[PDB]
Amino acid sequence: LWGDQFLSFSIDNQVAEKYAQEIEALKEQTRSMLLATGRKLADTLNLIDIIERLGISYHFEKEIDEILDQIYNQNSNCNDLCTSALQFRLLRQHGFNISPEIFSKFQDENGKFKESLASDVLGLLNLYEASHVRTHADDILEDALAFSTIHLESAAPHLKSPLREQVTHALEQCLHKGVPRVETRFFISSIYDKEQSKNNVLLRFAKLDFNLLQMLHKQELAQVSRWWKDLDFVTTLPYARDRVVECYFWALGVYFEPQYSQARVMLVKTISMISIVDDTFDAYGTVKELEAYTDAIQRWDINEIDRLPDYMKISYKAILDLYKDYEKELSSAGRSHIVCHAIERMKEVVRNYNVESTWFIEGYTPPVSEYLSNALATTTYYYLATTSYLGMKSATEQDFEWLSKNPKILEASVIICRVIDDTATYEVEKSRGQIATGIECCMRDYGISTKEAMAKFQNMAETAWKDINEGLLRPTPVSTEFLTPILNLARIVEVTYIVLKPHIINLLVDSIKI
């Protein structure tokens, strides 16, 4: 419902250059802040936390890492909940397996959190955020979420602004599980901007940087929108909607940095394309047509097009063409040889789409284990994760080989999307006759109520998050650069099922008022 609002974006080079020039000054100035010698732990942690929440930490990957490494190594006891929880969270998010023992001093000989901390809002907030980065080994943090949650909920109504808005927001969306750009936009405009103790250099820096990057995101969105119009699916395939803007939001959620410009464009096209296919199997193709389509996809030829009805011929050709473009784009860098990994994942998605169709027609309700073996791939997550690597100039063959083994971190990301999707779309899918819905299989397989089935599904998502958190800890199998996209895919789930309009507006329409 966007229209020609994004067909084309004429970037006024003057404003961009001004922004860039000043950003360079602010960047160097901020760098010097990070390298300040005589700073206290609390101050150093808050500085890093602020730069990250402001969405400008990508400029200081090395600096922040070296500083955090020093903090990890010195193991200093801060003694106060606020700093301890923050220290724990930042180290964990950066792969440092800091021991949860740092929380023992805030617990009774029973391991329960000293209820006396219940009046320490700042400590509770940082503990709340830290509880979301826990692993299966962090037994000490078992009751951290419930503890901080109940007390923050109680204190919230009487807190000053913007602290109150920060707490209220956190309770609805924790930092660790939120989409980066979405959380950055919120922190900048709704919190830091209204913070009495704000650092003006950092705020100015954050605003300019966000706005400048937004211009690039707009060029990409415009470029891809033109690409979509050329395909002219609107008239040739009147059963699919112009979801391009939504598809772009997803790509933006996976990575927003300027270096991933090519990657985002490639990713958007894939998301758009597979969306067409999903529509085909869901409400247009007949039993026979779908079987013919699944086969054509597995063969991946073109001569197979003759066995497909006209509408499917358009889709099929476009898909094959898209991958040819990908191969061409990567030719200059000699990376075209990796595209096959994405194709293999697409074939997988289509096979499982077909199987899902078959299950629906037969009225089959498989046990959970069997349901998942097919339903996990239908989320398209393995496929999208593989696709995100295509445009990443550093993604080597080894990285793709690791990804093909279905790494636990990827598996967890996929599971999160699956169980959450099933919990949300259950009602709609049931009234549609889809008795092969995750929640349905769960109920029958275990012999439990819908409520209990959904509760089990939520537990699976929780378990998966802990797995993701563990998968981020050093030593990582591949560079962190390749783990973030998977983590971001899981974050997108949290945002899509708490719909995209407000985020699209805040991220791609409205700039932050400087």
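Note that residue numbering begins at 1 and tracks the sequence as displayed.
Unmodelled stretch separating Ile505 from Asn506: none (count of deposited-sequence residues without coordinates). A summary of the deposited B-factors shows that, of 473 to 481 and 50 to 58, the stretch with the larger mean C-alpha value is 473 to 481. Comparing 4 to 12 with 505 to 513, the higher mean C-alpha B-factor in the PDB entry belongs to 4 to 12.
The PDB entry assigns the greatest CA B-factor among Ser131, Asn211, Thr149, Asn79 to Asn79. The PDB entry gives the largest Cα B-factor of the residues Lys194, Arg351, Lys288, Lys405 to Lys288. When the CA B factors of the chain's modelled residues are split into thirds, the value for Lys466 lands in the lowest one. Placement of the Cα temperature factor of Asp421 within the chain: middle third of the modelled residues, per the deposited record. Residue-level temperature factors show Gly433 in the highest third of its chain, judged at the C-alpha atom.
Per the deposited record, the Cα B-factor of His341 falls in the lowest third when ranked against the other modelled residues of its chain. When the modelled residues of the chain are ordered by C-alpha B-factor, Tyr311 sits in the highest third.
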